[PDB]
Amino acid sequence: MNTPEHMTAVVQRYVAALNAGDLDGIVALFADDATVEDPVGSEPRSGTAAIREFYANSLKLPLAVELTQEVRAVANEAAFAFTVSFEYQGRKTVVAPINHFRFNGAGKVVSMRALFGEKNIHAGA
């Protein structure tokens, strides 16, 4: 059932739902036993309630999220480059990760990983 069209649309749904603070929209993309590792290197969060809590915490500030290149999607995986921008105490920050999703054959995301380091966090003083 899964295709590169479908996985690319899921990435686009995900970006829009982070913009909308549509915490439900995001969680419905995931399989019930999916993991989230964000950032790469940190402890994976596992299962629906943990994935929702991760995103709810991610969304306490309004996020402006945009894809900055075409999605790459093949087999049952997709990767994408994008930015997440926010303002706090009058400092604007732009974070530029590359994320990877793996899908199951039902078209749900079974794992996300978000790869970004300190040189990918762009902010003035």
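Each residue number is its position in the shown sequence, starting from 1.
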Could you settle it for me: does 94 to 102 or 47 to 55 have the higher average Cα B factor in the PDB entry? 47 to 55
Mean Cα B factor from the PDB record: higher for 29 to 37, or higher for 69 to 77? 29 to 37
Tertile call for residue 61 (CA temperature factor, within chain, third-based) is the highest
Against its chain's modelled residues, does residue 2's Cα B factor rank lowest, middle or highest third? highest
